[PDB]
Amino acid sequence: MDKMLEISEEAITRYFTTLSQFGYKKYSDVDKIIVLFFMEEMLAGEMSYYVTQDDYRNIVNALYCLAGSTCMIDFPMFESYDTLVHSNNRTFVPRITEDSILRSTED
Amino acid sequence: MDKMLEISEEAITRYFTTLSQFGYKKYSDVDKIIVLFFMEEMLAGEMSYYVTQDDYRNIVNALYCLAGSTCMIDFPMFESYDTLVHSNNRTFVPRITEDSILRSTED
Amino acid sequence: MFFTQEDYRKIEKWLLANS
Amino acid sequence: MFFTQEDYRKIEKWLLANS
Amino acid sequence: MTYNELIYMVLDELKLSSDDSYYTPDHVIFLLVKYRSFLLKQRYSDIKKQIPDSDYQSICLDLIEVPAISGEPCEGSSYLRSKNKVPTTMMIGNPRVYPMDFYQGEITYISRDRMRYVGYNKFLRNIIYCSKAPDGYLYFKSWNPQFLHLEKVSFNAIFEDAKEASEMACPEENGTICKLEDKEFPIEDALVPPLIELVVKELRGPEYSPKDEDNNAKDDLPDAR
Amino acid sequence: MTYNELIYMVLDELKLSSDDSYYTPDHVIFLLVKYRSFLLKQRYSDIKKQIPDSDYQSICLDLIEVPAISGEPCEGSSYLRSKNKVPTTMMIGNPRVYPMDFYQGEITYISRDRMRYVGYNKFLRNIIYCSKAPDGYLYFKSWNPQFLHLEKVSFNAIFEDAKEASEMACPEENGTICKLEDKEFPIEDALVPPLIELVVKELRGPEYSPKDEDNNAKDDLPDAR
Amino acid sequence: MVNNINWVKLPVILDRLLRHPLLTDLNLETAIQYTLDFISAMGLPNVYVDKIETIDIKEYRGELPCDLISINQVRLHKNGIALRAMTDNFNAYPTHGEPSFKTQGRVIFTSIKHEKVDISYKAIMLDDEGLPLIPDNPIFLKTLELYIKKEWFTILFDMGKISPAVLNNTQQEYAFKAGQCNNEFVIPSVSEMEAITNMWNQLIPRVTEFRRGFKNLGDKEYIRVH
Amino acid sequence: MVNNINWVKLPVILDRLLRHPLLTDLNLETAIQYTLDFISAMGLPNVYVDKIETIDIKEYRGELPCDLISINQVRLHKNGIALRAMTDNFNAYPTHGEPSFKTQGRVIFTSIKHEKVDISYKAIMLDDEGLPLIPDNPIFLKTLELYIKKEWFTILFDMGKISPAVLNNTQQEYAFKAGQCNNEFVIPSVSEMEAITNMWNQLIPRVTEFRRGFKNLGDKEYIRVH
Amino acid sequence: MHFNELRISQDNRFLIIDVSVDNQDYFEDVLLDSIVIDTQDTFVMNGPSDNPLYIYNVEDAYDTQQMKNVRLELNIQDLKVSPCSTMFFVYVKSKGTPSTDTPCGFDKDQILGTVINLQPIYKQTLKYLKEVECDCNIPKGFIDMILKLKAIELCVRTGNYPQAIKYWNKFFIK
Amino acid sequence: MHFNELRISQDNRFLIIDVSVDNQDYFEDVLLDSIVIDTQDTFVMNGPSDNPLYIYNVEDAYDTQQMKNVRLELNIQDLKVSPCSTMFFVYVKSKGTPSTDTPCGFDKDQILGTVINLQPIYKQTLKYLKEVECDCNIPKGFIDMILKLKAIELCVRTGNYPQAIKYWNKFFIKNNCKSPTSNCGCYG
C-alpha cells in the first residue's frame, strides 16, 4: 500500500503532539487510532495473503469511516484529474458544406 | 529453579524498601509474599521429590496469579526469540524457467 | 533448574538399562 | 524434560566421578 | 502602568531624587509588592467580589516527570512538576492552569491537602490536577497516563509576589522584557492611590530620621546625630 | 522573601546602619520571629480561616526506635522518635507528617493526650500516629509492627519558631542553605507590613533612649546620661 | 414525560453558571460532581438509558454489566419468566420453586445453578470523551444551575463570604425549581396516560403483569358483547 | 432499593469534603471513624454483605465468625429448621422443645448440645486494604459528607470558630439528606414489590416462612379453579 | 540455531516447520537433533514435557550438511488436534558442541517457536470491520480483541507462556 | 543490499550486525565498503556524521563472496555506551557499480537500519499487562506503552529519523538495564 503507513505515522504523530500540548485525548479516538494501526500492521505482514478483492473492498469501506472522524485521521488525497462533468474539447470541421443522406458530415 | 530465588529476593527487598519509605504495606500483599517464598522453599527443599509434571503445571499456573498482583512481584522475563507470527526468509530459485507436470520447481 | 518425579524415573531407568 | 543422550553421559560421568 | 511609573511616583512624592539617598528604589519595590498583597487581601477576603483582570498575572512553566519519593518499584505513581519553583497564589481570585490557550483545556488547580484523595470517582479519572507542594514546585497528578506527556503549561492567578511572578512571566510577541522596571505592575488603577499613600506613609517618617553619622566607635542615635 | 530582606527592611526603617549600633540584627531576628507567631495567632485563632501556603514550613526528621521507658520486657511496646528535638507547632494551620511525599501516605499528627489511647478501633490498627512529647521529640505510635521500619518523614506545619524549623529545613535540590539569612521567611505578604510596623514600633523608642555611658562605678540613667 | 430528552453536553451548564460573576471559579470537575449528585438526588428514570443485556449464571452467581445502576427486571432467557427478589437467607447453601434474584455489587445472586438470564437495567448516557450527558430541558438545566449555585453559596456562607439572605433566596429558588422539575419529569404524557387508563379501567383485573415484562400493563381490556 | 450498590473506596468521600476550605484537616483516620458511625446510625441492611457460615455446637455453645455484625437467622444444618430467640432463663443448667439460640459476643448459646448450625449473618464489604468499602450512591456520599461536615462544624462551634447560623444550616441540610438517604435505601424496587405483593394478597394466609429461611415469603399464592 | 519459516499452511491442513542452523563458522560441529511438538495442554516450562504430541528424530530421515537443514510438513489431522483452536510449541535441539571461540550467551542447544492459526483472527477482524461499516462506530469487542492479541504477543516475546495460554484459553477459544 | 540479522543480544553485550548484498545478478559486481555506527547524539540528516561511534572498512580483510557478506559481533563496552539507553544507526556503504537495466531505486549504494533494546520496553509494558484482564476499565498504560513503541517503529519505517530521536529521548532514554557481568557466565 505505502499509504496506510503514512496515514498511521501522521495519526500517531498528531496523537503525541496533542499529548504534548495537552495531557488528554479522547479514548474514543484512541480506539480509532488502535483500529487504524492494527489494520496497517495486518495488511503489511504475513496476514495479507488471505485478502480477496471483496475483503479489500470491505476493508477500505470500513477504514473510510475513520477518515474525517477525528483530527488525527484525515481524508487521504490521491492524484486524480477527473470530475462528475467532463469537458467537451472536440472541434467541428465541416466538409464542403456536405450534409450526408440524413446527418451532417465532418472530416 | 534459580529464578524463584530471584523473584523472592526482589519481592522481600521491595517489601522492606516500602517499610523504609512508608510504614505500611497491605497485608493482602504480605499474603502474596508469604505464599511466594513458601512455594520457593517448598520447591528448593526435600519436598521437591513429590511433584509430577501435572503438579508442576498447576504450581506454575497458580504462581502466575501472583505475577502482576502487586508491585513487589513482577512478570518474569525469559530469553525468547519467538512470536505469534514469524518471518518468512526463504528464497525463490527456479531452474532455467522450468516447471513440473503441475507446478513450479527450484534448485 | 528443576526436576520432577518423572525426570528422576527416566534418569534411574536409563542408568539401570546400561549397567 | 526431554533429556538428550549427551546429558545422560554427563550424568554417568559425574556419578562415576566418585568411583 | 509599569513598575517604573509606580516606583518613580513614590520616589518623587518622597523626593528621593539624589543618588546619595538612604532609601533606594529597591526599598520602594519591596514595599510596593508587599503592600500590593496587603491591599488585595484586605479588599478581597472579607467577602467575595469581582477581581479585575489587572490584579491577575501569568507565568510560563516547563513540566518534568519526577518520582513520587525516589526511583523505586513500590513508591507509587510518578508526578509531573514544574522545573522551577512556583510563586504562592492568593486565595481570592480564579487561579487557573491552561495549556497555553486560556479558552481551552481543563487542568484543575486545587489545594495541596485535597490533592491526596483525588481521582477515585470514575468520571474524574482524566482530569489533570495541580497544587504547590511544600517543596515549592507545582506538582501534577492524574489517573489518565497521558498527562505525563504534557510538556508546557501556563498559570494565571493573583500571585503573592508580583516580582516573582513577573520574573517567570510568559514571553511576549516582541520578546522577553529584560528589566523588571519595564513590566506591568499587577494591580488595578482603583487600588493604586491607596497603595502609593500607604508606601509614602511608610517612608515619610524614616525619610527625616537621624542617622548614626559620626565614625567614632559609638552609637550616636540617642543624641539625634 | 528571605530573612535578609525582612531584617534589612526593619534595619533601614530604623536606620541602624552603623556597625556601632546598640541594636544588632540579632534583635531584629528575635523580634521578627516572635511577632510572626503573635500575628498568626491573632489572625487565625478567633475563627477558622484559610491559611495560605506561605505560613508553613517543611522539616525533615530522621526516626530511631526507642524503648517506651527502658529496656525492660514489660515496659510496653517500643516507639519511633525523631533523632533531634522537633519545633512546637501552632494550632492554627494544617500540621501533617508525610513520608517525603505530601500527596501520599497517612501519618496522623495528633495531640499528646489523644495518642495515649489510639488504635483500639480494629480498622485503625494500621495508622501511624504522631505527637510532640514533653521531652521535645516527635514520638510515633501504632499497632502495626511494620511502622518501626520507617526511617524518614517530613513534617509540614506552621511552626511556632521560624528560626528553629528553618534550621531543620529540608535539603533543597541545589543543596543546604547554610546561612539563615538566605532562607525564606514563613509569612504571607499581607502580614508583612503589619509585622514590620510592630517591630519598628517596638524598637523605635528604645533606639533613642539614653545609656549608662560614664564608666564611673555609678548608675547614670536617672540623669539621662 | 410530555417532552423528549434531547441530549446536550456538560459545559452547557457552565455556560449558564459562569454568567454569575460569583460563580466564575467553577470548573468541569465541579460540574461533573454536582451533576452526578443532582441526577442521583432527583432520581428521574427518564434521564437514564434503558438497556438489555444477557448473562450466564455459573452456580447461583453471575457477572453483572459494568455500567449498570438499577435493574428494571431479570428473566430467564429460554422461558421469559421474570424473576422476583430474593426473600431467602440460605439461598445456595445446602443441608445434609419460584426463581428469584439478588444484586449487591458486580455480582447477581440468583436461585438457579446453570442458566442464562436477561437483565433490563438503566445506565447513564455517556459522552464521546466518556462523561455524563445531560438533558437540554431548560427546567432541568435551570434546576441544575440552582443546585450548583446553592452548593457554592453554601460553601461561601460557611466561610462567611455571602450574606445569609442571599443563601436563603438561593435555597428557596432551588426548592421551587426542584419541585417544578420533579413534576415536569414524572407527570404522564398523553400516551402514557392512555397506558394508565387501560391499566386502571378493568372489569376483569389483571394482576400478573410482572410475569411478562409489564408488556400488557397498558393493553386495553376488551369485553365481548352478548 | 431501586439502585445497585456499586462499591468504591473510602477516600472518595475525601475527594468531596476537602473542596471546603474549613474541612482540609480531615484525614482517612477521621473518615473511617465517622463513616462507621454513619453506617451504624443509619442501619441500612443493603450496605452489609450477606454471608452464610456453618459452625459446630460443643455443648449449648458455639464459636462465632470474626466479621459478624448481625444474624439474619440460625437453623439446624441437617433438618433446615430455623431457630428462634431463647426466652429461657435456665438453658444449659439442669435440675436435680422447639430449639432456640442467643448471641452476645463471639459465643452463640443454642439449646442443642451437639449439632451443626447454619448462620446467615451480615458483615461489612472490605477493601484490598482492611478498611470499610462504601456505596458510591451520590445520595449516600452527600449524606456522609454532610455528616462529617456537621460533626466537624459542631467541634469548631464548641470552640467558637463557626457562626451558629452556619452550624444550623449544616444541621438542617444533613437532616434532610439523612431522611432522603433513609428512604432511598429502604423503598422497595419493582421486583421487591412483587415479593411484597405475593406476601400481601393471600386468600389462605402463609404464616410459617420463618421455619424456612423466608424462602417462600414472596411466592405467589395460586388457587385452583373449580 | 534459528527458524526459517514456522507457519500453519493456508489450507489449514499442514503445520510447516523449516529449521536451520546458523551460518556462522563455529557451528560447523553443531547439527540438528530432534523436533518435539507440544500444545497448550501438555506444555511445561522446563523444556518439552512427557507424553508429547509428536516427537521427531532427524537421523531417521537421512542416510552431514543435509542434517543441518530440515523441513517438515505435518498433516494436522493426523496429530488428532484442532488446527483452529490449537497453539503449537515447537522445540528443537542440537546434539553438538560449538568451538571454544563462541561469544558468551550464543551457545544454546534449544529454541522454541509458538504457532497459531491466523484465519479465525482474520475472520473476526473482517466481521468487526463489517460492523464498523454500519454507522461508523467502533465496537468495543474489536478493541478488546486487538489489545488481548497484543497481550499474548508481549507474553510470548517475554517468554511468559503460562499467562499466554491463560489468555488464549479464556478469550480466543471460549 | 539488505539486512539479514540486526539485533542486540538479550544479555546486553553484543550489537549484532549481519549484512549481505542481494543474491540477484544485477548486484553481482557491487561490494560492501564500510560499516559506520552512529547514535542519537551523533546523527545527521544525510549520511553518517563526521564523528561516528565505530568505523569498519570491509576491504581491510580477505578480498569475493566473503566481501559480499559481512557480520559483526561488536561488544558494547568497548563502545563506551549503554546497551539499553542507546539507539544505534547502522550505515552500510557499497563499492561498485550495478549493471544497467536494473530498475532504479534498487541501485541505492547506501542503506540504513536502526537498533533498539526492546527488552526494557517489554519490562515497562509488563507492568500494565494485567490491565487487559480487568474489564470495565480502559487499559490506558498498556495502550500508552504500545503507542510509544509504535511511534518509534513508524517514524523509522517512514525515514523520519529526527522525530524518532525526539520520541526516543522523550520516552526511553532513561531506560535501565542489568549491565552484563564481565566474567562470562558459564553454561551449555
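The numbering scheme restarts from 1 for each chain and tracks the written sequence of that chain rather than necessarily the entry's numbering. Residues without coordinates are not displayed. Both sets of labels track the order of writing: A upward for chains, 1 upward for ligands. Reported quantities concern only the chains on display, which constitute a fraction of a larger assembly. Note: side-chain values were computed over all heavy atoms of the structure, leaving out hydrogens and water.

As recorded in the PDB entry, chain J goes by the name Tail hub protein A gp38, listed as coming from Bacteroides phage crAss001. Per the PDB record, the entry is named "Tail assembly of the phicrAss001 virion with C6 symmetry imposed". UniProt positions are given in the numbering used here, feature names are shortened, and annotations may be inferred rather than shown by experiment. On record in UniProt, under Subunit (literature references left out), the comment for chain J is "Heterotrimer with THB. The heterotrimers further assemble as 12 docking hubs that anchor the trimeric tail fibers." We quote the UniProt Subcellular location comment for chain J here in full: "Virion".

Per the PDB entry, chain E carries the name Ring protein 2 gp40 and comes from Bacteroides phage crAss001. Chain E has a UniProt comment under Function that states "Forms the tail multi-ring barrel with ring protein 1, ring protein 3 and ring protein 4." UniProt annotates chain E under Subcellular location with the comment "Virion".

Student: I'd love a proper account of the overall build of chain J, names of residues and values included.
Tutor: Helix and strand content of chain J: 4 helices and 7 strands. By its C-alpha atoms, chain J is 60 × 45 × 35 Å across when sized along the principal axes. Using a 1.4 Å probe on the protein chains alone, a residue whose accessible area is under 20% of its type maximum counts as buried, one over 50% counts as exposed, and one in between counts as partly exposed. Residues classed as buried in chain J amount to 46% of the 188 residues present. For chain J, the exposed area adds up to about 9500 Å²; of that, 50% sits on carbon and sulfur atoms. Secondary structure follows DSSP: runs of H or I at least 4 residues long count as helices, runs of E at least 2 residues long count as strands, and numbering of each begins at the N terminus. Method for areas: the Shrake-Rupley scheme with a 1.4 Å probe, in which residue coverage is limited to the protein chains shown.

Student: I'd love a proper account of the packing of aromatic side chains, names of residues and values included.
Tutor: Aromatic rings from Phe, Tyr and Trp, taking only the six-membered ring of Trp, are treated as a pair when their centres fall within 6.5 Å; an angle between ring planes under 30 degrees marks them as stacked, one over 60 as edge-to-face, and anything in between as tilted. Overall, the coordinates contain 62 aromatic pairs over all chains when judged by the stated rule. Where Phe38 of chain G meets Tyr147 of chain G, the ring centres are 5.6 Å apart and the plane angle is 55°; that geometry is what we call tilted. Of the residues examined, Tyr147 of chain G reaches a relative accessible area of 4% and is grouped as buried. Taken together, the aromatic side chains of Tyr15 and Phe16 of chain A together with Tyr167, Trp168, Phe171 and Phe172 of chain J make up a single cluster linked through ring pairs. A cation sits over an aromatic face here: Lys34 of chain F above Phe30 of chain F, 4.7 Å from the ring centre. Geometrically, a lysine NZ or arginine CZ counts as sitting over a ring once it is within 6 Å of the ring centre and also within 35 degrees of the ring normal. The ring of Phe90 of chain G carries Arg75 of chain H above its face, with NZ or CZ at 4.2 Å from the centroid.

Student: Residues and numbers for the relation of the copies chain H and chain G, please.
Tutor: Copies are aligned to one another through a least-squares fit of their C-alpha atoms. Here chain H sits on chain G after a turn of 30° about the axis and a move of 0.0 Å along it, with an RMSD of 0.2 Å. The overlap is low: 4% of the interface residues of chain H also sit at the interface in chain G, so different surfaces are used on the two sides. It only takes one pair of heavy atoms within 4.5 Å for two residues to be counted as in contact.

Student: Describe the state of the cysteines, with residues and values.
Tutor: Defined simply, a disulfide is a covalent bond joining two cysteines at their sulfur atoms. Any pair of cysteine sulfurs within 2.5 Å is marked as a disulfide. Overall, the coordinates contain 6 disulfides over all chains when judged by the stated rule. Residue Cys60 of chain F pairs covalently with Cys170 of chain F via a disulfide, S to S 2.0 Å. Looking down the S-S bond of the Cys60 of chain F and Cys170 of chain F bridge, the torsion is 115°, so its handedness is right-handed. Remark: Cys170 of chain F occurs in the loop between α4 (162-167) and α5 (192-207) and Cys60 of chain F occurs in strand β1 (residues 57-66); sequence separation between them is 110 residues. Between the sulfur atoms of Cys66 of chain G and its disulfide mate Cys136 of chain J the distance is 2.0 Å. Handedness here is read from the sign of the S-S torsion; for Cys66 of chain G and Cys136 of chain J, about -70°, the answer is left-handed. Taken together, the residues span two chains, with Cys66 of chain G in the loop between β3 (62-63) and β4 (70-76) and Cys136 of chain J in the loop between α2 (118-129) and α3 (140-157). For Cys136 of chain J, a relative accessible area of 40% corresponds to the partly exposed category. Just so you know, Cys134 of chain I is unpaired, no disulfide at all, and the nearest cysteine sulfur is the one on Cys65 of chain A, 8.6 Å from it. Classification of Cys134 of chain I by relative accessible area gives exposed; the value is 56%.

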